[PDB]
Every structure is written in C-alpha cells, then in structure tokens.
>>> print(open('protein-v5.cif').read())   # mmCIF, C-alpha atoms and all ligand atoms
data_coords
loop_
_atom_site.group_PDB
_atom_site.id
_atom_site.type_symbol
_atom_site.label_atom_id
_atom_site.label_comp_id
_atom_site.auth_asym_id
_atom_site.auth_seq_id
_atom_site.Cartn_x
_atom_site.Cartn_y
_atom_site.Cartn_z
ATOM 1 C CA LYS A 124 136.387 42.101 106.940
ATOM 2 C CA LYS A 125 135.700 38.439 106.002
ATOM 3 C CA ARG A 126 138.073 38.536 103.020
ATOM 4 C CA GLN A 127 141.022 36.171 102.889
ATOM 5 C CA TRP A 128 143.248 36.938 99.889
ATOM 6 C CA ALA A 129 146.131 35.280 98.054
ATOM 7 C CA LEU A 130 149.104 36.541 96.093
ATOM 8 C CA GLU A 131 146.955 35.707 93.053
ATOM 9 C CA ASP A 132 144.445 38.510 93.622
ATOM 10 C CA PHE A 133 147.164 41.122 93.082
ATOM 11 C CA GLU A 134 149.377 42.000 90.128
ATOM 12 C CA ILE A 135 152.538 43.253 91.829
ATOM 13 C CA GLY A 136 153.905 46.440 90.345
ATOM 14 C CA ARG A 137 157.098 48.395 90.814
ATOM 15 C CA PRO A 138 159.112 48.085 94.017
ATOM 16 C CA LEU A 139 158.258 51.013 96.263
ATOM 17 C CA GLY A 140 161.095 50.389 98.672
ATOM 18 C CA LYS A 141 162.633 48.982 101.857
ATOM 19 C CA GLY A 142 164.875 45.984 102.479
ATOM 20 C CA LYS A 143 164.298 44.900 106.085
ATOM 21 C CA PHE A 144 162.093 41.872 106.693
ATOM 22 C CA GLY A 145 161.034 42.284 103.081
ATOM 23 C CA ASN A 146 160.029 44.868 100.502
ATOM 24 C CA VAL A 147 157.054 47.087 99.704
ATOM 25 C CA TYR A 148 155.532 46.849 96.210
ATOM 26 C CA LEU A 149 152.954 48.827 94.300
ATOM 27 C CA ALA A 150 150.093 46.434 93.607
ATOM 28 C CA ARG A 151 146.802 45.992 91.769
ATOM 29 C CA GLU A 152 143.657 44.277 93.076
ATOM 30 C CA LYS A 153 142.627 42.333 89.953
ATOM 31 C CA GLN A 154 138.893 42.171 90.604
ATOM 32 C CA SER A 155 138.217 45.871 91.355
ATOM 33 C CA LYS A 156 141.374 47.256 89.720
ATOM 34 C CA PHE A 157 142.082 48.988 93.059
ATOM 35 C CA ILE A 158 145.652 50.282 93.667
ATOM 36 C CA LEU A 159 147.499 49.696 96.939
ATOM 37 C CA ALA A 160 150.749 48.792 98.650
ATOM 38 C CA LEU A 161 151.656 45.174 99.299
ATOM 39 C CA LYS A 162 154.486 44.755 101.832
ATOM 40 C CA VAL A 163 156.051 41.291 101.804
ATOM 41 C CA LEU A 164 157.845 39.656 104.709
ATOM 42 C CA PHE A 165 159.808 36.392 104.258
ATOM 43 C CA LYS A 166 158.371 34.867 107.452
ATOM 44 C CA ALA A 167 161.751 33.327 108.229
ATOM 45 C CA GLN A 168 163.416 36.761 108.371
ATOM 46 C CA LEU A 169 160.869 37.584 111.069
ATOM 47 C CA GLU A 170 160.891 34.597 113.425
ATOM 48 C CA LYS A 171 164.651 34.984 113.857
ATOM 49 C CA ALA A 172 163.859 38.335 115.514
ATOM 50 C CA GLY A 173 160.726 37.299 117.378
ATOM 51 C CA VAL A 174 158.546 40.086 115.993
ATOM 52 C CA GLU A 175 155.700 37.560 115.844
ATOM 53 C CA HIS A 176 154.034 39.293 118.821
ATOM 54 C CA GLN A 177 154.842 42.785 117.492
ATOM 55 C CA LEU A 178 154.086 42.486 113.781
ATOM 56 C CA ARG A 179 150.876 41.064 115.180
ATOM 57 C CA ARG A 180 150.351 44.437 116.839
ATOM 58 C CA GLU A 181 151.259 46.384 113.713
ATOM 59 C CA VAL A 182 148.528 44.543 111.801
ATOM 60 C CA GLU A 183 145.798 44.585 114.419
ATOM 61 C CA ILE A 184 146.133 48.208 115.576
ATOM 62 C CA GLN A 185 146.675 49.877 112.191
ATOM 63 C CA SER A 186 143.623 47.884 111.070
ATOM 64 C CA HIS A 187 141.033 49.381 113.415
ATOM 65 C CA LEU A 188 142.402 52.930 113.429
ATOM 66 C CA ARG A 189 140.799 55.098 110.729
ATOM 67 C CA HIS A 190 141.973 58.688 110.312
ATOM 68 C CA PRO A 191 143.080 60.682 107.231
ATOM 69 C CA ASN A 192 146.611 61.005 108.594
ATOM 70 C CA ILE A 193 147.011 57.377 109.547
ATOM 71 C CA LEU A 194 148.003 54.983 106.765
ATOM 72 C CA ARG A 195 145.164 52.522 106.470
ATOM 73 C CA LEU A 196 145.924 48.803 106.731
ATOM 74 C CA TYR A 197 143.320 46.744 104.855
ATOM 75 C CA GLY A 198 144.081 43.140 105.758
ATOM 76 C CA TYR A 199 146.764 40.555 105.184
ATOM 77 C CA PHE A 200 147.579 36.959 104.314
ATOM 78 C CA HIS A 201 150.541 34.586 104.639
ATOM 79 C CA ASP A 202 152.259 32.747 101.826
ATOM 80 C CA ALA A 203 153.781 29.296 101.974
ATOM 81 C CA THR A 204 156.961 31.107 102.967
ATOM 82 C CA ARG A 205 155.762 34.682 103.516
ATOM 83 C CA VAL A 206 153.399 37.293 104.982
ATOM 84 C CA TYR A 207 152.007 40.161 102.943
ATOM 85 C CA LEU A 208 150.279 43.274 104.238
ATOM 86 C CA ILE A 209 147.622 45.066 102.150
ATOM 87 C CA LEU A 210 148.265 48.751 102.862
ATOM 88 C CA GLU A 211 146.876 52.047 101.713
ATOM 89 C CA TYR A 212 149.220 53.330 98.992
ATOM 90 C CA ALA A 213 150.743 56.846 99.587
ATOM 91 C CA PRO A 214 151.388 58.518 96.154
ATOM 92 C CA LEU A 215 154.008 61.007 97.226
ATOM 93 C CA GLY A 216 156.554 58.822 98.989
ATOM 94 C CA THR A 217 157.965 59.227 102.471
ATOM 95 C CA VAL A 218 158.595 62.562 104.214
ATOM 96 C CA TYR A 219 162.155 61.316 104.642
ATOM 97 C CA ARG A 220 162.779 61.625 100.909
ATOM 98 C CA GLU A 221 161.008 64.992 100.778
ATOM 99 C CA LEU A 222 163.679 66.140 103.185
ATOM 100 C CA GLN A 223 166.792 64.796 101.442
ATOM 101 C CA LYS A 224 165.057 66.541 98.516
ATOM 102 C CA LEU A 225 164.665 70.052 99.994
ATOM 103 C CA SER A 226 167.226 69.782 102.825
ATOM 104 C CA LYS A 227 164.974 71.886 105.075
ATOM 105 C CA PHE A 228 161.256 72.749 105.066
ATOM 106 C CA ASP A 229 159.754 76.259 105.356
ATOM 107 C CA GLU A 230 157.686 77.306 108.358
ATOM 108 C CA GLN A 231 154.394 76.638 106.545
ATOM 109 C CA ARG A 232 155.288 73.118 105.440
ATOM 110 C CA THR A 233 156.718 72.310 108.867
ATOM 111 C CA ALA A 234 153.783 73.891 110.676
ATOM 112 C CA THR A 235 151.337 71.968 108.474
ATOM 113 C CA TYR A 236 152.966 68.560 108.830
ATOM 114 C CA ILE A 237 153.217 69.137 112.582
ATOM 115 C CA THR A 238 149.485 69.940 112.545
ATOM 116 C CA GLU A 239 148.339 66.877 110.633
ATOM 117 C CA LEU A 240 150.717 64.950 112.864
ATOM 118 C CA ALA A 241 149.263 66.299 116.108
ATOM 119 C CA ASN A 242 145.720 65.639 114.919
ATOM 120 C CA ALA A 243 146.646 62.132 113.868
ATOM 121 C CA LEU A 244 148.351 61.566 117.213
ATOM 122 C CA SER A 245 145.521 63.091 119.223
ATOM 123 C CA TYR A 246 143.401 60.343 117.712
ATOM 124 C CA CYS A 247 145.612 57.365 118.592
ATOM 125 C CA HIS A 248 146.000 58.968 122.010
ATOM 126 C CA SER A 249 142.242 59.305 122.304
ATOM 127 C CA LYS A 250 142.636 55.518 122.353
ATOM 128 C CA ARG A 251 145.687 55.148 124.608
ATOM 129 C CA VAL A 252 147.669 54.080 121.520
ATOM 130 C CA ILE A 253 151.182 55.471 121.573
ATOM 131 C CA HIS A 254 153.379 55.188 118.501
ATOM 132 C CA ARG A 255 156.887 55.676 119.882
ATOM 133 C CA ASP A 256 158.420 55.602 116.392
ATOM 134 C CA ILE A 257 157.777 58.882 114.637
ATOM 135 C CA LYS A 258 160.618 59.042 112.128
ATOM 136 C CA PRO A 259 160.301 61.159 109.046
ATOM 137 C CA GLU A 260 160.707 57.795 107.303
ATOM 138 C CA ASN A 261 157.541 56.472 108.894
ATOM 139 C CA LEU A 262 155.635 59.405 107.575
ATOM 140 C CA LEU A 263 154.098 59.154 104.145
ATOM 141 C CA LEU A 264 152.342 61.526 101.783
ATOM 142 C CA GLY A 265 148.849 61.030 100.405
ATOM 143 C CA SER A 266 147.811 62.062 96.870
ATOM 144 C CA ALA A 267 147.139 65.644 98.051
ATOM 145 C CA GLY A 268 150.408 65.817 100.004
ATOM 146 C CA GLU A 269 148.966 65.283 103.468
ATOM 147 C CA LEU A 270 151.128 63.652 106.123
ATOM 148 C CA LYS A 271 150.195 60.009 106.832
ATOM 149 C CA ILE A 272 151.469 58.028 109.804
ATOM 150 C CA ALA A 273 152.674 54.507 109.113
ATOM 151 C CA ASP A 274 154.507 51.559 110.659
ATOM 152 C CA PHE A 275 152.711 51.088 113.967
ATOM 153 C CA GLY A 276 154.991 48.117 114.564
ATOM 154 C CA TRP A 277 156.429 49.669 117.718
ATOM 155 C CA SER A 278 153.007 50.945 118.640
ATOM 156 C CA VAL A 279 151.664 49.902 122.050
ATOM 157 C CA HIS A 280 148.920 50.412 124.663
ATOM 158 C CA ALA A 281 149.889 52.951 127.327
ATOM 159 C CA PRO A 282 150.973 53.641 129.980
ATOM 160 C CA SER A 283 153.548 50.926 129.496
ATOM 161 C CA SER A 284 156.923 49.281 130.088
ATOM 162 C CA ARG A 285 159.677 48.915 127.551
ATOM 163 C CA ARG A 286 161.431 45.660 127.534
ATOM 164 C CA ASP A 287 161.997 46.432 123.963
ATOM 165 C CA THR A 288 165.469 45.783 122.665
ATOM 166 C CA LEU A 289 165.338 49.080 120.792
ATOM 167 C CA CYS A 290 167.594 48.104 117.932
ATOM 168 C CA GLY A 291 168.045 51.154 115.650
ATOM 169 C CA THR A 292 168.975 54.776 116.225
ATOM 170 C CA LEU A 293 167.906 56.780 119.279
ATOM 171 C CA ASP A 294 167.481 60.080 117.483
ATOM 172 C CA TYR A 295 163.759 60.036 118.232
ATOM 173 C CA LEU A 296 163.324 58.557 121.710
ATOM 174 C CA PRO A 297 162.807 60.554 124.939
ATOM 175 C CA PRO A 298 164.950 60.175 128.102
ATOM 176 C CA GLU A 299 162.427 57.693 129.522
ATOM 177 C CA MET A 300 162.376 55.210 126.666
ATOM 178 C CA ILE A 301 166.163 55.290 126.306
ATOM 179 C CA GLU A 302 166.927 54.995 130.043
ATOM 180 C CA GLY A 303 164.457 52.131 129.738
ATOM 181 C CA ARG A 304 161.996 53.634 132.255
ATOM 182 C CA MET A 305 158.215 53.412 131.985
ATOM 183 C CA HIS A 306 156.398 55.940 129.762
ATOM 184 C CA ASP A 307 153.092 57.164 128.344
ATOM 185 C CA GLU A 308 151.469 59.214 125.537
ATOM 186 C CA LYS A 309 154.030 61.915 126.301
ATOM 187 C CA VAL A 310 156.730 59.989 124.414
ATOM 188 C CA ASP A 311 154.947 60.886 121.188
ATOM 189 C CA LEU A 312 155.213 64.579 122.105
ATOM 190 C CA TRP A 313 158.976 64.605 122.392
ATOM 191 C CA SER A 314 159.148 62.967 118.964
ATOM 192 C CA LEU A 315 156.881 65.655 117.569
ATOM 193 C CA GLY A 316 159.414 68.084 119.021
ATOM 194 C CA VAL A 317 162.353 66.417 117.233
ATOM 195 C CA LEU A 318 160.485 66.234 113.879
ATOM 196 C CA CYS A 319 159.747 69.923 114.130
ATOM 197 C CA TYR A 320 163.403 70.667 114.726
ATOM 198 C CA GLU A 321 164.393 68.324 111.918
ATOM 199 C CA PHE A 322 161.817 69.650 109.489
ATOM 200 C CA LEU A 323 163.288 73.081 110.029
ATOM 201 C CA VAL A 324 167.008 72.457 110.492
ATOM 202 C CA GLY A 325 167.501 69.450 108.255
ATOM 203 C CA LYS A 326 168.831 67.074 110.906
ATOM 204 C CA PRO A 327 167.554 66.068 114.373
ATOM 205 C CA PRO A 328 168.503 68.173 117.427
ATOM 206 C CA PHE A 329 170.361 65.297 119.095
ATOM 207 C CA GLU A 330 172.127 63.828 116.040
ATOM 208 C CA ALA A 331 175.567 62.430 116.890
ATOM 209 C CA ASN A 332 178.309 60.191 115.513
ATOM 210 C CA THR A 333 177.662 57.389 117.939
ATOM 211 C CA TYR A 334 174.696 55.748 119.605
ATOM 212 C CA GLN A 335 176.509 56.524 122.814
ATOM 213 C CA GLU A 336 177.007 60.263 122.318
ATOM 214 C CA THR A 337 173.411 60.632 121.120
ATOM 215 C CA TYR A 338 172.301 58.796 124.276
ATOM 216 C CA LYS A 339 174.067 61.422 126.369
ATOM 217 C CA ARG A 340 172.846 64.385 124.321
ATOM 218 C CA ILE A 341 169.270 63.047 124.677
ATOM 219 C CA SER A 342 169.218 62.282 128.434
ATOM 220 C CA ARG A 343 170.839 65.644 129.159
ATOM 221 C CA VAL A 344 168.551 67.274 126.561
ATOM 222 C CA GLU A 345 171.467 69.086 124.915
ATOM 223 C CA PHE A 346 170.430 70.797 121.645
ATOM 224 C CA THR A 347 171.052 74.228 120.022
ATOM 225 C CA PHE A 348 169.276 76.390 117.403
ATOM 226 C CA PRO A 349 170.996 77.554 114.204
ATOM 227 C CA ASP A 350 170.443 81.302 113.681
ATOM 228 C CA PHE A 351 167.649 80.969 111.106
ATOM 229 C CA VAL A 352 165.094 79.084 113.226
ATOM 230 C CA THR A 353 162.570 81.747 114.330
ATOM 231 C CA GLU A 354 161.629 82.361 117.945
ATOM 232 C CA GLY A 355 158.096 81.046 117.639
ATOM 233 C CA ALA A 356 159.581 77.712 116.554
ATOM 234 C CA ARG A 357 162.321 77.645 119.195
ATOM 235 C CA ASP A 358 159.589 78.195 121.745
ATOM 236 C CA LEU A 359 157.359 75.340 120.667
ATOM 237 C CA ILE A 360 160.346 72.999 120.202
ATOM 238 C CA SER A 361 161.699 73.987 123.653
ATOM 239 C CA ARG A 362 158.260 73.324 125.106
ATOM 240 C CA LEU A 363 158.057 69.859 123.610
ATOM 241 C CA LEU A 364 161.684 68.907 124.265
ATOM 242 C CA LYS A 365 161.610 69.217 128.029
ATOM 243 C CA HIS A 366 162.991 66.258 129.982
ATOM 244 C CA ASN A 367 160.091 65.665 132.426
ATOM 245 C CA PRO A 368 157.230 63.942 130.514
ATOM 246 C CA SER A 369 154.524 65.810 132.448
ATOM 247 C CA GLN A 370 155.858 69.237 131.491
ATOM 248 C CA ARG A 371 155.609 68.671 127.734
ATOM 249 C CA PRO A 372 152.384 70.216 126.303
ATOM 250 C CA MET A 373 149.179 68.433 125.289
ATOM 251 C CA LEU A 374 148.203 68.326 121.636
ATOM 252 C CA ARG A 375 145.689 71.140 122.005
ATOM 253 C CA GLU A 376 148.414 73.508 123.044
ATOM 254 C CA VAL A 377 150.391 72.287 120.053
ATOM 255 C CA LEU A 378 147.438 72.763 117.672
ATOM 256 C CA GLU A 379 146.874 76.181 119.244
ATOM 257 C CA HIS A 380 150.464 77.386 119.520
ATOM 258 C CA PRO A 381 150.782 80.901 117.952
ATOM 259 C CA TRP A 382 153.639 79.898 115.659
ATOM 260 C CA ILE A 383 151.658 76.819 114.666
ATOM 261 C CA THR A 384 149.319 79.273 113.046
ATOM 262 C CA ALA A 385 151.917 79.759 110.261
ATOM 263 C CA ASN A 386 150.475 76.735 108.432
ATOM 264 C CA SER A 387 147.308 75.427 106.719
HETATM 265 O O1 LIG B 401 159.483 57.111 96.506
HETATM 266 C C1 LIG B 401 158.750 56.217 96.192
HETATM 267 O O2 LIG B 401 158.971 55.554 95.049
HETATM 268 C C2 LIG B 401 157.697 55.900 96.993
HETATM 269 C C3 LIG B 401 157.893 55.666 98.384
HETATM 270 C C4 LIG B 401 156.774 55.348 99.213
HETATM 271 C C5 LIG B 401 155.447 55.257 98.657
HETATM 272 N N1 LIG B 401 154.395 54.994 99.388
HETATM 273 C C6 LIG B 401 154.184 53.968 100.148
HETATM 274 N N2 LIG B 401 152.898 53.546 100.213
HETATM 275 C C7 LIG B 401 152.648 52.472 101.016
HETATM 276 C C8 LIG B 401 153.617 51.799 101.752
HETATM 277 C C9 LIG B 401 154.915 52.298 101.630
HETATM 278 N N3 LIG B 401 155.850 51.677 102.317
HETATM 279 C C10 LIG B 401 157.152 51.881 102.258
HETATM 280 C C11 LIG B 401 157.833 52.058 100.996
HETATM 281 C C12 LIG B 401 159.235 52.275 100.947
HETATM 282 C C13 LIG B 401 159.996 52.320 102.147
HETATM 283 C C14 LIG B 401 159.359 52.145 103.408
HETATM 284 C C15 LIG B 401 157.939 51.925 103.491
HETATM 285 C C16 LIG B 401 157.356 51.758 104.741
HETATM 286 O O3 LIG B 401 156.915 50.666 105.072
HETATM 287 O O4 LIG B 401 157.291 52.801 105.606
HETATM 288 N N4 LIG B 401 155.223 53.389 100.830
HETATM 289 C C17 LIG B 401 155.270 55.490 97.268
HETATM 290 C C18 LIG B 401 156.383 55.809 96.440
#
>>> encode(input="protein-v5.cif", output="structure tokens")
Amino acid sequence: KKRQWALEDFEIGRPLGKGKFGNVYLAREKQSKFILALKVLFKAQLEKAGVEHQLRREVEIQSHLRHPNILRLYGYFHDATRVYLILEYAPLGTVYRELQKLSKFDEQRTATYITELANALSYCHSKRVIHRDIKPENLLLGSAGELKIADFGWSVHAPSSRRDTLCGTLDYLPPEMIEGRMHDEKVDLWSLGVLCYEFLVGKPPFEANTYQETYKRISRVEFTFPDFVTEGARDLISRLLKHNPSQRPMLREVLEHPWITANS
C-alpha cells in the first residue's frame, strides 16, 4: 500500500445506496481518473455500536483477499468526523435488487451464482475465513455480471465462538449460530443452501413473520419446496440444509453436484 488518501483525492458521484452507519457513493480518483465506490461512515454512528473491533476486521480481511468473486477493498482513511472505505465498484448493483427485479431466477442463473459463490467461498475457507453473512444484499455484480462477495464485516477466523449480538434477521444463520453455539466453515454452507432456495423460490426457506417463528423454523430445519423447484435442486438444497454441520457437503461436492452442471 503506502498510500494515505483524503476526501480531496475523490470527486464523489451519485449515491449508490445504503443508510446504516453511512452511505455508499460512486467516486472518482482525480489523479488517475479511476472509478470506485467510497463508503462513508460518520464515526460517531459507529462507536455507539462498538463496531470499532469489527469494522477493523472488515477493512483488514477484505484488503488481503484477492479473488474475482470477492469485492476488492483498496484502502481507507478517516475524516475529522468520518471514515471512508475505498472499494471496488460493482457496475450491476446488488443481487438483492436483481431478485426484486425478476422475482425468481432460472436454474442457469441460480446454478451460476451458486458456482461463483462456492469458488469465492472455497478461497476464503482455504484461509479459515468464514463470512457468516451471505445475504443476497451482500452480493454484488461486476461489469460482466459475475457474483461478487462483499461486506466481510461479520467475517471471522474459524473455528470460532459467537458472542455476537446478532442484530438483524436470522433468515441466513444455521442452528449453531442462532442457538449461539460454536461453529466453523460449515456455517457458510448452510447460507449457500438458503441462497439457492431463495434464488429459485423468491424468498428464503425459513422466512417468517417474526424473529421468533423464524428461529424455530431454522433450529427445527422446517422448510418445503413449491412444485416448480426441480429434483436436482431440492437434492442439493436438502444436502446443504441439514442440521448437523458435519453432514453438510464440502464445496467440491457443491461445484460437482450434477444439477450444478445446469450453469456456466
Ligand atoms: O443499484 C445501484 O444503483 C447500485 C447498487 C450497488 C452498486 N455497486 C456497489 N459497488 C460498491 C459498493 C456498493 N455498496 C453498496 C451500495 C448500496 C447498498 C449497499 C452496499 C453495500 O455496502 O453492500 N455497491 C452499484 C449500483
């Protein structure tokens, strides 16, 4: 690295999105004309949530990991009242919008995203990095439409223990992370299972009206397949969404699954 920037090196463009600790803007590196994403955090909005030692992880991890399906993080710098992150810019938005845009995905688009996803995960896992936060809203799209994993905020070394207060929805967490038990790389395989189901049905398999009824549905692994989901998909999803971490497949089996060869 060896490059410390300032808000003055970038011409902020249109607001890409968000509203949490801050926003994400399209931005232009004045010197080289380079285009990227600049995510701003108000600093104050962070401290009062103690992410200090977690946003620290988001920045450090996502910085060293380099893979075509991982969103690259270039560097960062703090304002007088803020903290900006210099991220790779993903031209086609989040996968979350792609969904509200098509409702469901076909078996080739689902099989392909699941592929790129498994490869990308197999990499982080090659390095004991577990994401634990695979939402279709933490999945971007590169200029050629390839899936790109982002927001390694909840990322962590593994095997590990979850203190973590686990704020938002449970739609994507496995019985172990929700019943606050220990866990490993296998948590990212249950998530891959959910995504697959969501990419094909339009909603997650455990979706509920309350955090509490989802919690049940998850721990008891209670999910059903609408009539259109093909067998080959039910199979893979049923293989991934098994309660016992050790019984879920490896990524090879996922990248080799018969039905997975209905992609690109
Ligand atoms: O549709 C659009 O206009 C749209 C949405 C997304 C992108 N890409 C992009 N690139 C880099 C970072 C990034 N962060 C986010 C942007 C909005 C919401 C959440 C995030 C995030 O941090 O995951 N989003 C481009 C256009």
>>> residues_near_point(input="protein-v5.cif", point="(159.4, 46.6, 130.1)", cutoff="12 Å", atoms="all atoms listed in the file", output="PyMOL selection string")
chain A and resi 279+281-289+299-306
>>> closest_residue(input="protein-v5.cif", among="A:196, A:244, A:130, A:323", to="residue 151 of chain A", atoms="all atoms listed in the file")
A:130
>>> residues_near_ligand(input="protein-v5.cif", ligand="ligand LIG 401 (chain B)", cutoff="6 Å", atoms="all atoms listed in the file", output="ChimeraX atom specification")
/A:139-141,147,160,211-217,261,274
>>> resolve_selection(input="protein-v5.cif", expression="the PyMOL selection byres (((chain A and resi 156-158) around 12) and not hetatm)", output="ChimeraX atom specification")
/A:132-137,148-155,159-161,197,209-214
>>> resolve_selection(input="protein-v5.cif", expression="the PyMOL selection byres (((chain A and resi 273) around 9) and not hetatm)", output="MDAnalysis selection string")
chainID A and resid 185 192:195 257 260:263 271:272 274:276
>>> residues_around(input="protein-v5.cif", residues="residue 245 of chain A", least_positions_apart="3", cutoff="12 Å", atoms="all atoms listed in the file", output="PyMOL selection string")
chain A and resi 190+192-193+237-242+248-254+308-309+311-312+315+373-378
>>> closest_residue(input="protein-v5.cif", among="A:317, A:169, A:247, A:206", to="residue 259 of chain A", atoms="all atoms listed in the file")
A:317
>>> resolve_selection(input="protein-v5.cif", expression="the PyMOL selection byres (((chain A and resi 339) around 12) and not hetatm)", output="JSON, numbers by chain")
{"A": [293, 294, 297, 298, 301, 302, 329, 330, 331, 332, 333, 334, 335, 336, 337, 338, 340, 341, 342, 343, 344, 345, 346]}
>>> atom_distance(input="protein-v5.cif", atom1="atom CA of residue 235 of chain A", atom2="atom CA of residue 322 of chain A")
10.8 Å
>>> closest_residue(input="protein-v5.cif", among="A:349, A:380, A:243, A:124", to="residue 188 of chain A", atoms="all atoms listed in the file")
A:243
>>> closest_residue(input="protein-v5.cif", among="A:307, A:126, A:277, A:270", to="residue 182 of chain A", atoms="only C-alpha atoms")
A:277
>>> closest_residue(input="protein-v5.cif", among="A:175, A:230, A:379, A:181", to="residue 324 of chain A", atoms="all atoms listed in the file")
A:230
>>> atom_distance(input="protein-v5.cif", atom1="atom CA of residue 278 of chain A", atom2="atom CA of residue 145 of chain A")
19.5 Å
